[PDB]
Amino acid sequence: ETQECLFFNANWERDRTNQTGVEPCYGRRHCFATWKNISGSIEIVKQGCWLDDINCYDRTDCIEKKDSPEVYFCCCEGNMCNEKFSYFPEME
């Protein structure tokens, strides 16, 4: 049930991609986000489709449940589901 995702690439200039947009998923499809979070300050690394087989923490919402990771990651199902992404560590 995922055909398209929010696209973001902080390395767009060297990678020769758009900086942002809508990615069409081809290649079960998912969307994902990866980000840094230092003392509450969030920096997106990438957003887009995720095509390899994977399991996510929530079906609908993009959520990271690992505890204090250096690079945060989430995946989700549903068109544009990765526009919102949250941190709910298992330790809570």
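A residue's number is simply how far along the shown sequence it sits, counting from 1.
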(message) If I compare the deposited sequence with the modelled residues, how many are absent between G27 and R28: none, 1 to 3, 4 to 9, or 10 or more?
(response) 4 to 9
(request) Between 32 to 40 and 56 to 64, point out the one with the higher average CA B-factor as the PDB entry records it. (result) 56 to 64
(request) For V71, return the chain-relative third of its C-alpha B-factor as stated in the PDB record: lowest, middle or highest. (result) highest
(message) Test of reading the entry: by CA B factor among the chain's modelled residues, which third contains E90?
(response) middle
